[PDB]
Amino acid sequence: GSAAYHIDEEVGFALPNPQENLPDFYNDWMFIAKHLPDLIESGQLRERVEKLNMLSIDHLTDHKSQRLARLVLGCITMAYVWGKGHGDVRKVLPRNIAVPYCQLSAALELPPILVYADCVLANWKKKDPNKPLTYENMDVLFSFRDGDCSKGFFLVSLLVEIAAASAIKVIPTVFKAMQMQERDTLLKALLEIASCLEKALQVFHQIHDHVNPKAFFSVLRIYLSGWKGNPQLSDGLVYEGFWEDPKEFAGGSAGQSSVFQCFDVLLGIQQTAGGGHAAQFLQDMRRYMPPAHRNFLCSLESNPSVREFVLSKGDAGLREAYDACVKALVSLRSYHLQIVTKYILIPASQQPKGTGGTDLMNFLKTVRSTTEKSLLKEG
Ligand code: HEM
């Protein structure tokens with residue numbers, strides 16, 4: 001929960017109180033991003049992007065301004081590449097978006113595609129500043145199409161992140177209690193983490209109230225899709241004026257959250273490097289996370305193993321508190337598998353991920369079972 005790693009005590013990995021407006025200099029960008037439903041529907045989005053002048057990034061003078069600009073340019077990019085979302089794609093992102101988008105992304109150490117830390121961690125607003133972080137008091141900054149359920153998908157992801165924050169802020173307490181040899185403190189800390197994680201599973205149920213499977217699978221998913229192993233942009237995307245040859249970048253999204261990995265590493269659940277395929281996907285998604293949060297995960301992996309400390313103590317109270325965290329992480333990913341069945345697998349069966357969810361489910365079920373196989377029980 002330390003603020004050397006851009007981790008907020010209240011909202012966790014989410015960007016605390018994100019910026020809503022840019023300097024007047026960028027009005028031309030702001031207008032397009034704010035009006036994607038109209039501009040896409042009316043078929044004028046591509047023209048508006050192609051007729052932008054090149055705006056410098058030097059007038060973006062702080063981190064929150066850069067994050068808003070990244071979110072703005074990534075939303076335009078995604079809208080430009082996929083158009084109305086029915087196969088009329090563009091394989092060259094015009095110079096006057098691509099160069100500033102790519103400079104800004106190098107400064108922020110993120111890939112120049114829309115990622116979770118844009119469309120979720122930075123894409124939100126309090127309606128009334130003085131009321132709490134509840135769904136009915138929040139809004140997103142940007143959507144793609146009327147009916148795309150972006151508000152429901154993004155905010156319910158956000159609210160799960162905010163829930164996780166109360167378990168994340170406990171993490172220093174764990175390592176300190178280990179280092180100071182405080183058995184009761186360590187046990188309290190572990191139960192508190194599990195309780196908060198169980199809370200976050202409850203918050204996850206809201207997704208059904210605010211996202212409709214046909215909308216997500218058939219609309220929002222299109223705009224979160226990228227160009228890594230995508231037959232529609234077989235060779236990646238040309239960032240005109242910045243790199244000569246195209247580059248592939250994964251249209252991740254939901255799966256770029258650091259929350260599950262945060263607790264995987266805490267609980268020494270060797271999963272990041274413990275195998276072949278699934279461990280490779282999990283490592284690749286780290287490049288799509290903010291750098292400060294990439295560093296957090298590493299500095300957690302370098303610490304004394306909590307799972308070893310608990311194993312070494314001959315202490316059933318400790319082992320049971322540790323297992324409550326592992327169970328809440330299993331529960332969360334189990335529920336997540338159901339969510340993916342409702343919102344990806346079933347709609348693909350009707351008409352299409354593309355009936356290629358067998359590999360999807362297998363990747364999710366592997367990670368779940370490896371989490372479950374970390375339960376300690378009597379040993
Ligand atoms: C609401 C909060 C959500 C969180 C916190 C979350 C988090 C994650 C995480 C951590 C992974 C990596 C796998 C793992 O560690 O077990 C993942 C993968 C994935 N998630 Fe989610 N997810 C959420 C919602 C959703 C929803 C609603 C969908 C789809 C409708 C979804 C679709 C996927 C898919 C398809 C993958 C596989 C990786 C990929 O193809 O990019 N997630 N998610």
Side-chain angles (χ1 to χ4, degrees), residues 2-8 11-23 25-26 28-30 32-33 52 54-81 93-125 140-142 154 157-158 161 223-224 226-228 236-237 239-243 247-259 261-262 283-299:
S2 323
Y5 297 94
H6 287 55
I7 290 187
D8 191 66
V11 302
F13 294 111
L15 175 72
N17 279 320
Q19 192 164 307
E20 201 172 348
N21 291 124
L22 279 185
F25 193 84
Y26 303 100
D28 288 330
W29 295 354
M30 279 310 304
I32 293 174
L52 286 166
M54 183 165 313
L55 307 174
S56 197
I57 60 168
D58 324 288
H59 303 191
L60 301 161
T61 190
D62 62 338
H63 179 71
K64 287 199 184 183
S65 269
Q66 306 192 298
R67 284 291 285 295
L68 180 59
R70 234 199 89 82
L71 166 66
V72 161
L73 298 167
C75 281
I76 293 153
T77 290
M78 296 327 254
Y80 189 80
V81 166
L93 180 68
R95 176 174 212 261
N96 281 340
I97 282 286
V99 168
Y101 186 31
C102 279
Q103 297 166 339
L104 195 57
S105 297
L108 284 171
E109 315 185 60
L110 285 160
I113 185 162
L114 187 76
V115 301
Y116 185 80
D118 312 310
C119 62
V120 170
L121 308 176
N123 186 16
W124 64 272
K125 203 178 150 198
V140 297
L141 306 178
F142 301 116
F154 295 150
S157 283
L158 184 54
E161 297 278 336
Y223 296 95
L224 299 167
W227 28 97
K228 194 203 192 30
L237 173 76
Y239 295 82
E240 181 175 58
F242 197 82
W243 301 307
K247 289 204 183 286
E248 289 195 295
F249 287 113
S253 56
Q256 290 154 343
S257 159
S258 323
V259 164
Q261 288 207 29
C262 183
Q283 258 271 322
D284 188 37
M285 284 312 220
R286 292 213 187 170
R287 297 169 245 261
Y288 296 79
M289 322 188 170
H293 305 161
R294 287 208 292 280
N295 299 334
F296 183 65
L297 299 176
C298 285
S299 100

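For the single chain, residues carry numbers from 1 onward in sequence order. Computed over heavy atoms, backbone and side chain alike; hydrogens, waters and symmetry mates excluded.
Residues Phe142 and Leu68 form a side-chain contact, since some pair of their non-hydrogen atoms from C-beta on lies under 4.5 Å apart. Counting heavy atoms from C-beta on, the side chains of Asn17 and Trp124 come closer than 4.5 Å. Contact annotation: the side chain of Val11 never approaches that of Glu161 to less than 4.5 Å [non-hydrogen atoms, C-beta and beyond]. Side-chain contact check for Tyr223 versus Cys119: every heavy-atom pair is 4.5 Å or farther apart. Side-chain contact between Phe242 and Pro112 is absent, with no heavy atoms from C-beta onward closer than 4.5 Å.
In this structure, CG on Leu141 lies 9.0 Å from SG on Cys75, to the nearest 0.5 angstrom. If you take CG on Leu15 and CG on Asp8, they are separated by 9.0 Å, rounding to the nearest 0.5 Å. The line from CD1 of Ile97 to CD of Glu240 is 12.0 Å long, rounded to the nearest 0.5 Å. The CZ atom of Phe249 lies 11.0 Å from the CZ atom of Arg287; values are rounded to the nearest 0.5 Å. Taking NE2 from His59 and CG from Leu22, the interatomic distance works out to 12.5 Å, rounded to the nearest 0.5 Å. Distance check, rounded to the nearest 0.5 Å: CZ of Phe296 to CD1 of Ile7 gives 3.5 Å.
The two residues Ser257 and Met289 have their closest heavy-atom pair at O-CE, 3.7 Å. When all heavy atoms of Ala122 and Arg67 are compared, the pair lying nearest together is CB-NH2, 3.9 Å. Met285 and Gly255 make their closest contact through CG-O, 3.8 Å (heavy atoms, listed as atom of the first residue, atom of the second, distance). The minimum heavy-atom distance linking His63 with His6 is given by the pair NE2-CD2, 3.9 Å. Of all non-hydrogen atoms in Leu224 and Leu114, the two that sit nearest each other are CD2-CD2, 3.7 Å. Here the closest heavy-atom approach between residue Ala33 and residue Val72 is recorded as CB-CG1, 3.9 Å.
Ring-plane geometry between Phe13 and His293 is classed as perpendicular, the angle between the planes exceeding 60 degrees on a 0 to 90 degree scale with a lower cut at 30. The aromatic rings of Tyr239 and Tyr101 sit tilted relative to each other, their planes meeting at an angle between 30° and 60°.
Applying the salt bridge (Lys or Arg N to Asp or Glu O under 4.0 Å) test to pairs two or more places apart or on separate chains, those with a residue in residues 113-123 are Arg70-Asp118.
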Requested in this report: Show your working on side chain to side chain contact (heavy atoms under 4.5 Å, CB included) between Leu52 and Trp29 and close with a plain yes or no.
Outcome: CA-CA 8 Å; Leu52 286 166; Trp29 295 354; 4.2 Å; yes
Query raised in the report: How far apart are the C-alpha atoms of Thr77 and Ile113, what are their side-chain angles, what is the distance that settles it, and do they pass the side chain to side chain contact (heavy atoms under 4.5 Å, CB included) test?
Result: CA-CA 8 Å; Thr77 290; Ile113 185 162; over 6 Å; no
Report task. Output, in order, the C-alpha distance, side-chain angles, deciding distance and verdict of side chain to side chain contact (heavy atoms under 4.5 Å, CB included) for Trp227 and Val81. Result -> CA-CA 10 Å; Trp227 28 97; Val81 166; 3.8 Å; yes
Requested in this report: Report the C-alpha distance between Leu110 and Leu104 in whole Å, list the side-chain angles of each, state the deciding distance to 0.1 Å, and finish with yes or no for side chain to side chain contact (heavy atoms under 4.5 Å, CB included).
Outcome: CA-CA 9 Å; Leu110 285 160; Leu104 195 57; over 6 Å; no
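Applying the side-chain hydrogen bond (donor to acceptor under 3.5 Å, both in side chains) criterion to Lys64, with sequence neighbours excluded, gives no partner residue. With sequence neighbours excluded, no residue forms a side-chain hydrogen bond (donor to acceptor under 3.5 Å, both in side chains) with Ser2.
The backbone N or O of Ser253 sits less than 3.5 Å from a side-chain atom of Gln256, completing a donor-acceptor pair. Although no hydrogens or angles enter the test, the distance criterion places no donor-acceptor pair under 3.5 Å between the side chain of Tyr116 and the main chain of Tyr288.
Checked by atom type, the side-chain pair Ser299/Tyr5 shows a donor-acceptor distance below 3.5 Å.
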